[PDB]
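Both blocks below hold the same protein chain, though in two forms, and each is given as structure tokens: structure 1 and structure 2.
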Structure 1
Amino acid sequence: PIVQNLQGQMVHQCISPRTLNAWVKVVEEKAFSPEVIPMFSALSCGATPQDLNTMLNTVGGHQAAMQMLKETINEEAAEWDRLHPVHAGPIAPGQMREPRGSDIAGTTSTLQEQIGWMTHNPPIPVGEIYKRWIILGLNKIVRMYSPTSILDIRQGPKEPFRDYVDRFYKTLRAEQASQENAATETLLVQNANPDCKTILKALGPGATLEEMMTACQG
């Protein structure tokens, strides 16, 4: 990554054994559960495009996903080139060449160049731009790998309301690759078991999730 030292300079620092292992374990243990994305973004704080490629490439399984991710990255890189053509000609002294899409993805750029861009004044945050593409791709994969439609989540006859709401929102989160309406509100009440369904209908519209859960406790 690129971190701030004691003298206040932005310097390069080797990616750590802790970080490498943490990311590899997360993938092994949680596959593409939604929460894996916030974890990737945090573990890659300050990352260079090289560091980002290191983290992706250390993943052993899930090659189908890794391959989809490559395609998404290539799309974004092409889009970037469309919007940011590169000028022919020589670079002025004290200046950096302009980054192509493949430069931002660390494919055609060196570490020195990546560092050059990230610590230039003004900076070109190639690490943060690349990270945004990767996260786009990761979101697609999370939605795809979502194991259950929200329509199939229905409260067991003897299942506590909390356990059912847990299943509901865990499922909802995977389907949109997001934690962010009236439709789901109606669907949640609709799929509750008989006893709860009536009590909930009784609270009327505009009830907070807190009120609903208090209402159906045991």
Structure 2
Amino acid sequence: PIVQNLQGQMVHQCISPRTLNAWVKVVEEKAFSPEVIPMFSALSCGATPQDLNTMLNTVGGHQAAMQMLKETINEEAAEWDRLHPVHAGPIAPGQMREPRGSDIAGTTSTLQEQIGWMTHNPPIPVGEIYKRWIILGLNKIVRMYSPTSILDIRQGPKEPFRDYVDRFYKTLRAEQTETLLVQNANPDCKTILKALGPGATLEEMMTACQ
């Protein structure tokens, strides 16, 4: 990644064994749950496109999701190429070239070209654009990998309200309320909630129904 040294300059350091280790472990244990996206966003902080590529290639499962990510990255690279064309000819000697849509992904661009783009004034944050594309991929997979719809989440008769709210909101996060939450509740709890009315925080509902 690109870090700030003790002297006071931004230098490229080599990825630690733990960014890779924790990344493989979170994708292995948590699959593609929503909270897995922030991990990637936090583990890859300051990472180069090459580093992001290492993280993506380290995973050994869910290859269909990886192809989703591939297609998303190609669509975004085509949109970058369309929005920001770049000239060809000869790269000027001792000079920094423009980043293509394929360059941001790290397919053509090399690591020295990458750190040239990052250590610039003003810097071209190719890592941040690549992170944006990878994240768009990840949100897309996570949204379409949800096990059940929000309509399916309904509270059981013997189930506590807390568990129902937890299930409801984990499903709501997976697919990215107020009125819907009461509709799925059983006649118990709903008896008091309908009497509560509008303007009550989630905690008022869960306290009255505790």
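In this text, the rigid core denotes the largest set of C-alpha atoms whose superposition between the two forms falls within 1.5 Å. Reference numbering: structure 1, starting with residue 1. Only residues modelled in both forms are compared.
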Examine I91 after superposing the rigid core and state whether its CA is displaced by 2 Å or more between structure 1 and structure 2. yes
What is the C-alpha shift for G206 between structure 1 and structure 2, rigid core superposed, to one decimal in Å? 2.0
Could the core-superposed CA displacement of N21 between structure 1 and structure 2 be given in angstrom, to one decimal? 0.4
Send over the list of consecutive residue runs, 3+ long, where the C-alpha shift is 2 angstroms or more at every position between structure 1 and structure 2 on a core fit. 88-95
